[PDB]
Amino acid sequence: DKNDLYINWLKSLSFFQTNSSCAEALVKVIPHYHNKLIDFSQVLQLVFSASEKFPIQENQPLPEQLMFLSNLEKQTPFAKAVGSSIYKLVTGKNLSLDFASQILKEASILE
């Protein structure tokens, strides 16, 4: 059931709903989840890797990133997994940290 819940929560994230590419990615990714080749954390990473729409900020400050990670450690399961997967976009694609915090806050609320 919670396997379904996590999927429903993911689909409910504003970030997911503003990125049709993420919805398209989930369609192709989810079978491997149902077939148990990958876990939900992996689904989140794959799906978010397909995102195209989000604010960008290059060379973001270290202190804020460290505070983001300290806060991430305290999150509930789904929220923590969402946070870690979105942080991959912060470091690798310059996704704005403030935006990442909004997504994480939304995930925590859904959970």
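Residue positions are given as counts along the sequence shown, with the first one as 1.
**Q** Highest mean C-alpha temperature factor of the two stretches 77-85 and 33-41, which is it?
**A** Averaging CA B-factors over each stretch, the winner is 33-41.
**Q** Maximum C-alpha temperature factor per the entry, among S101, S20, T91, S12, belongs to which one?
**A** If I rank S101, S20, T91, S12 by C-alpha B-factor, first place goes to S20.
**Q** Ordered by C-alpha B-factor within the chain, which third holds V47? Give me lowest, middle or highest, please.
**A** Tercile = lowest for this residue's CA B-factor.
**Q** Test of reading the entry: by CA B factor among the chain's modelled residues, which third contains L69?
**A** Lowest third - that is where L69 ends up once the chain's C-alpha B-factors are sorted.
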